[PDB]
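Chemist: I'd like to ask you about the structure that follows.
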Amino acid sequence: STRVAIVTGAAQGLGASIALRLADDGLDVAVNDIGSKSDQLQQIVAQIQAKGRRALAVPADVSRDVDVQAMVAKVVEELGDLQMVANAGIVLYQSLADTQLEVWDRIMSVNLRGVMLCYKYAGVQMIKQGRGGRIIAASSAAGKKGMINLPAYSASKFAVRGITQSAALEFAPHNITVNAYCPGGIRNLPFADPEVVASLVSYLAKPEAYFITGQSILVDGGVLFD
């Protein structure tokens with residue numbers, strides 16, 4: 001009766017810290033990233049198995065409908081889905097004056113479309129199981145206050161909040177919460193280790209966090225307030 005998590009963009013940084021914290025929390029974990037970080041994904045898998053948990057690498061492009069559907073199906077087959085962390089994202093700096101559609105669409109394809117497809121296939125699987133669930137996406141400080149030279153990035157992280165609130169309403173009758181984290185300075189502003197984001201995701205993923213839904217929470221050391 002062990003709960004199962006998927007973490008996307010989990011080869012390093014925030015995603016790896018979230019995956020290893022959920023494993024420490026007692027969850028079995030499937031880690032996703034792009035194919036080229038397959039070796040790093042295997043390292044994360046071995047560290048989760050060293051904690052006595054079950055683990056699976058699921059390389060996939062989260063911007064592709066078929067990839068995300070197959071990724072959730074492979075996790076259901078292998079691990080037996082209670083938490084989805086839609087963490088994959090890219091940051092590119094490019095002014096609006098200098099905006100190239102291929103940068104604009106690439107940011108939207110991973111940061112927003114990827115989140116939507118993870119929200120949809122996790123939700124559909126959790127509705128099927130009838131035991132509720134936890135859906136959590138990476139927003140950003142840039143999703144609460146737009147940033148100079150990050151128009152595409154800012155647009156994509158505001159959009160994550162919009163679909164989080166819409167999804168939280170749609171999935172509430174099935175006892176699935178949908179929340180987002182908005183990190184600030186993660187390694188003169190405050191800065192912190194990625195553990196502080198893993199700590200927040202860990203809390204939102206818990207059974208006792210069932211009454212928090214549609215929320216986007218700032219973990220930035222008090223730079224923005226909501």
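All Cβ positions, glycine included, derive from the backbone under ideal geometry; neighbour counts span all protein chains shown. Laboratory data are not the source of any read-out in this text; all were calculated from the coordinates shown.
Chemist: With θ set to phi - 60° and the Karplus curve 6.51 cos²θ - 1.76 cosθ + 1.60, what are the ³J(HN,Hα) couplings of the range 9-17 in order, to the nearest whole Hz, using x for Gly and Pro?
Modeler: Ordered by residue, 3J(HN,Hα) equals x, 9, 5, 7, x, 3, x, 5, 5 Hz.
Chemist: With only alpha-carbon atoms in the gyration tensor, what are the semi-axes of the equivalent ellipsoid for the chain, in Å, largest first? Present the calculation step by step, with values, prior to reporting the outcome.
Modeler: Details: eigenvalues 131, 72, 66 Å².
Sorted largest first and rounded, they come to 26, 19, 18 Å.
Chemist: Hey, which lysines would be in cross-link range of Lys74, C-alpha to C-alpha under 26 Å, not counting anything within fewer than 8 residues on its own chain?
Modeler: Once the sequence-local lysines are set aside, what remains near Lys74 is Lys37, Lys51, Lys120, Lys128, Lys206.
Chemist: Tell me the net charge near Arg113. Cut-off is 10 Å between Cβ atoms, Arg113 excluded, with +1 for each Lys or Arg and -1 for each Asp or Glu.
Modeler: After counting each charged neighbour, the total is -1.
Chemist: Add +1 for every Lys or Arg and -1 for every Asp or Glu among the other residues with Cβ under 13 Å from the Cβ of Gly26, and state the total.
Modeler: Values: positive: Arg3, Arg21, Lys51, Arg53, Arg54, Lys206; negative: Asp24, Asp25, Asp28.
Result for the local shell: +3.
Chemist: Next question, about the same structure. Charges at C-beta only: +1 for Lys and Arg, -1 for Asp and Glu. How large is the resulting dipole of the range 133-226 about its Cα centre, in Debye rounded to 20? Write down the numbers at each step before the final one.
Modeler: Working: 7 positive and 6 negative charges, 35 e Å.
About 180 debye.
Chemist: Using the Karplus curve 6.51 cos²θ - 1.76 cosθ + 1.60 with θ = phi - 60°, what ³J(HN,Hα) values do you get for each residue of the range 93-105, in whole Hz, with x for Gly and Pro?
Modeler: Coupling constants for the range 93-105: 7, 6, 4, 4, 3, 9, 5, 9, 3, 5, 5, 3, 6 Hz.
Chemist: Among 127-135, 82-90, how do they line up by average Cβ neighbours within 10 Å per residue, starting with the highest?
Modeler: On the way: 127-135: 16.7, 82-90: 25.9.
Output ranking for 127-135, 82-90: 82-90, 127-135.
Chemist: Here is a follow-up. If you place +1 on the Cβ of every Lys and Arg and -1 on the Cβ of every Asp and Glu, how big does the dipole about the Cα centre of the chain come out, in debye to the nearest 20? Intermediate results must be reported in sequence, preceding the final value.
Modeler: Numbers: 20 positive and 20 negative charges, 67 e Å.
Around 320 debye, computed over the chain.
Chemist: Which far-off residues, 5 or more places away or on another chain, put their amide H under 5 Å from the one on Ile90, with H placed in the peptide plane?
Modeler: Residues meeting the criterion, in which the H sits 1.01 Å from N, are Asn111.
Chemist: Determine the distance separating the Cα centre of the range 95-172 from the Cα centre of the range 7-59; give it in Å without decimals.
Modeler: So the two Cα centres are separated by 21 Å.
Chemist: Also, I was wondering about something else. What shape does the range 155-218 have by the C-alpha gyration tensor, where a ≥ b ≥ c are the square roots of the eigenvalues, rounded means a/c under 1.5, and otherwise prolate means a/b greater than b/c and oblate the rest?
Modeler: Taking the square roots of the gyration eigenvalues as a ≥ b ≥ c, the range 155-218 is oblate.
Chemist: Given H placed on each backbone N at 1.01 Å, which residues far from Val219 in sequence or on other chains put an amide H within less than 5 Å of it?
Modeler: Those qualifying (amide H under 5 Å, at least 5 residues apart or on another chain) are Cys182, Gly184.
Chemist: Modelled label-to-label distance, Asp226 and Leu92, 7 Å Cα→beta-carbon offset: nm?
Modeler: 2.5 nm
Chemist: Could you please rank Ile136, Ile6, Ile186, placing first whichever residue has the fewest other Cβ atoms within 10 Å of its Cβ? Can you show the working numbers first?
Modeler: Numbers: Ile136 26, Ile6 30, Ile186 18.
Least to most surrounded, the residues fall as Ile186, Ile136, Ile6.
Chemist: So for the chain, taking the charge dipole from beta-carbon charges (+1 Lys/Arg, -1 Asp/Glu), which of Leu112, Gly130, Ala70 sits furthest toward the positive end?
Modeler: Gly130
Chemist: Separate question: Quick one: which of 137-147, 208-218 comes out on top by average Cβ neighbours within 10 Å, and what's the full order, highest first? Write out the running numbers ahead of the final one.
Modeler: On the way: 137-147: 21.6, 208-218: 15.2.
Descending mean neighbour count gives 137-147, 208-218.
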